[PDB]
Amino acid sequence: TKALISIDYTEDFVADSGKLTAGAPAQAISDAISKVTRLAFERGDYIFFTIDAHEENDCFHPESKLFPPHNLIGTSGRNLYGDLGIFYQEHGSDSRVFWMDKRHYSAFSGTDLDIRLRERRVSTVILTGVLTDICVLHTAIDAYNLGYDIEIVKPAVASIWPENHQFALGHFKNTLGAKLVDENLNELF
Amino acid sequence: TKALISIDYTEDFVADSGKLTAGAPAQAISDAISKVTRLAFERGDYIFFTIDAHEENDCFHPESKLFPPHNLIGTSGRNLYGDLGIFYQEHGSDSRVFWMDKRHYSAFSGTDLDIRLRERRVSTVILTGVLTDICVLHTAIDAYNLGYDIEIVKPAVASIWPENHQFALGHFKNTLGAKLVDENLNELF
Amino acid sequence: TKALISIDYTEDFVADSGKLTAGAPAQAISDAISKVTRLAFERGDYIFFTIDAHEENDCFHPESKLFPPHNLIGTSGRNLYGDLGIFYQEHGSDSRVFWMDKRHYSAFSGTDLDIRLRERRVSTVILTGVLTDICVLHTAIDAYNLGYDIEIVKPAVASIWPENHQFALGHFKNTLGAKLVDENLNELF
Amino acid sequence: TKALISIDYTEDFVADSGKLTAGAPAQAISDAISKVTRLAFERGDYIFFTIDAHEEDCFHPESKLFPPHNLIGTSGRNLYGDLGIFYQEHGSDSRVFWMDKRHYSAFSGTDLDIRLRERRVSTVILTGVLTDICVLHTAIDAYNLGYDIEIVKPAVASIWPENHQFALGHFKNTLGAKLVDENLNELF
Ligand SMILES: [Zn+2]
Ligand SMILES: [Zn+2]
Ligand SMILES: [Zn+2]
Ligand SMILES: [Zn+2]
């Protein structure tokens, strides 16, 4: 332990011209998300970038009927936003940094995330990224059911809707027993 | 083929003197939940009662630190509330009706629910019970990841928090692509 | 730390009049299996009895077409054989000893075994019971995929087919990287 | 309506110069494995190539049990024989998949179950190597996930004849699998 999970913080989710952008609140966490990721890496944590990898005209994916095309394979939409992308440029080849393609909201679903964590005997996951109430929430619930201790970096998660953001934070703390931390990985009270 | 999942509609979650009761809003759905369950049964659907089964002094359960003791094995707290309980006494021994003990919020986690459904080639699960934003939500997300079509019986789910109930219904429809239905199993628009 | 898994060592699998008995070879391990289980318990290990729980006229179970009825719920066939049964009568109520019903061959499939092990941060499982090439093999493979270290108690596993017993032992050592141990929990070289 | 799973039929497992080759018995199924895959595809079945993707990784417990094999970006991962030609022709088809795997089972840490569930597939047809290792593990996972199982007997192989026979017997008698030939006809 520990492992930091970086969820869908890409151009399509964050940039103003993004295909499924969260806009201003997503852009606002850029400094915090890059700071906390660098900090975790510096102290010896494993870093998992778990990124949507969709195909256009995938009729068998139930998500294709719910949202417009986003994070399409081979497009600039899948590029990491801001200084987080710079971090991946510098340290993406490191043995402790991973890139994982995902098709569901949860970073665990149909991936080998659990396997890689169990290989390294990680007991605690630290969650960052977007959206708080969709891919972060699904990931947190999967992590809970798989018996991981959970930390949520409050200033490094965001949603389009403030009320959905608040529901999710409340769910993490009160139902999942997750620890809410700041960008310095210190517990928030 | 379809299965109705009846989540935690017991004394401890519903009755006034219940140890972890949702109170009035949970009691309010008693007529709707019993009606829809009898209807699904009449239509030849499978019925799964997925019920919290906790032990006193379970130090290894993360839930024991978050909530007071509830649905303890061998106590009246685990008895089904209202006409739903009467239905179980009348039809519990039918080959299409199941009682399933669970320890996490999701009906799938550490149970053989997925196995029983796949044996019967079920492609659609119909969700009822409490709480909308906790055991129903977790069950719905697990169902989504496992590739089931989902129906939510809107008048047969309840939470102690109205805002959380609203978040969850929105999440089911917009994120999971679930169908919202009434107590007559007719789609709501 | 460690968990010992006791697989299907019941009257139906072991006794002369057992409905699906492995007969003499299964009876031959009675001393070793009871000894190793008592030893593991004395060393502070967790003990999981993972026992077939079948229903008669379960037409949805693929196993019902392959084998005659066995380990039927509520029958004497599910009673633990030999001194193992005495151990359970003596220590079944200890917080470290578990009884788990299962429907597939693997002790993990449709059960909460993985959950209970993760709760206790168990990294290694010790396998005992019958049959070596069926419920032991399936359980070992599931354990491997879930990232557990595996120990096999060679004198405390048995099959009705000696060639199959040999295949399984070889598979455990060479393919799964399991440690073969004796009834004193000492590694065999 | 069904899905054929093509397990690890690559240069490293099959060719004489292969890093973890099964040799002659693996080479012997080349004609049958290519024929049955083409037939399955022509019928409208989904085809999943599930292929070992290893890194020369200390956290992988398999690295202490076998020499390096099927390394990412190497020619050891190329499909052997006419099967490779089929992939050239139809690899970009929406019904044909290439899945990297790190465990023996094609299901473990992959999205195989998800893709099958999306397509409402109820039956998997297993081909490839080794009968008693990546085929056996895949079959056991399929069984636990509730799939009907077919095994193409002439399109599976192992290094050891006794292990091959154990596995075939296990599939038929324990998992309830149907044994079929290269024409996808049941064997009796
Ligand atoms: Zn997406
Ligand atoms: Zn509970
Ligand atoms: Zn059995
Ligand atoms: Zn390999």
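In region D:124-162, which residue that is under 15 Å from the mean Cα position of the chain (by Cα) and among the polar types (S, T, N, Q) is nearest to B:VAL122 (Cα to Cα)?
So the residue we want is D:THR138.
List the number of the failed condition for D:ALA106; all other conditions in (1) within 19 Å of B:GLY147 (Cα to Cα); (2) of a type in the set (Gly, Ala, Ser); (3) surrounded by fewer than 16 Cβ atoms within 10 Å (Cβ to Cβ) hold.
(3)
Of the numbered conditions (1) closer than 27 Å to B:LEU113 by Cα; (2) loosely packed, with under 12 Cβ neighbours inside 10 Å; (3) not aliphatic (A, V, I, L, M), C:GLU63 fails exactly one; give the number of that condition.
Result: C:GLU63 passes all but (2).
Okay, residues lined up against (1) within 11 Å of ligand 1 (Cβ to nearest atom); (2) buried (at least 16 other Cβ atoms within 10 Å of the Cβ):
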{"position": "A:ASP45", "(1), (2)": "no, yes"}
{"position": "A:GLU56", "(1), (2)": "no, no"}
{"position": "A:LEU72", "(1), (2)": "yes, yes"}
{"position": "A:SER76", "(1), (2)": "no, no"}
{"position": "A:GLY82", "(1), (2)": "no, yes"}
{"position": "A:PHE87", "(1), (2)": "no, yes"}
{"position": "A:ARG96", "(1), (2)": "no, no"}
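Just for strands (runs of 3 or more DSSP E) wholly inside region A:65-180: which have at least 1 residues that are over 26 Å from D:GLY109 (Cα atoms) and within 14 Å of chain D (Cβ to nearest Cβ)?
none
Filter region B:48-66 down to the residues that are touching a helix residue (DSSP H, G or I) at 6+ places or on another chain (Cβ under 9 Å) and more than 19 Å from C:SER93 (Cβ to Cβ), then identify the one that is nearest to ligand 3 (Cβ to nearest atom).
B:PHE48
If I filter region C:7-25 down to residues being buried (at least 21 other Cβ atoms within 10 Å of the Cβ) and not hydroxyl-bearing (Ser, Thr, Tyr), which single residue comes out as farthest from ligand 2 (Cβ to nearest atom)?
It comes out as C:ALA22.
Could you list, in sequence order, all residues of region D:1-25 that are closer than 17 Å to D:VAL152 by Cβ and either under 12 Å from the mean Cα position of the chain (by Cα) or of a type in the set (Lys, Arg) (or both)?
Within region D:1-25, D:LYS2, D:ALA3, D:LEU4, D:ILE5, D:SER6, D:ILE7, D:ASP8, D:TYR9, D:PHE13 qualify.
Taking the residues in region B:36-64 that are away from ligand 2 (no atom under 14 Å from the Cβ) and in a strand (DSSP E or B) as candidates, determine which candidate is farthest from B:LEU4 (Cα to Cα).
B:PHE49
Only one of these is farther than 27 Å from C:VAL97 by Cβ, hydroxyl-bearing (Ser, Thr, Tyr) and within 14 Å of chain C (Cβ to nearest Cβ): B:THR21, B:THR37, B:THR10, B:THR1. Name it.
B:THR1 is the lone residue from the list that is farther than 27 Å from C:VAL97 by Cβ, hydroxyl-bearing (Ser, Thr, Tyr) and within 14 Å of chain C (Cβ to nearest Cβ).
Each value in this text was obtained by applying a stated rule to the coordinates, not by laboratory testing. Here the Cβ is made from the backbone with ideal geometry for all residues, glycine too, and neighbour counts use every protein chain on show.
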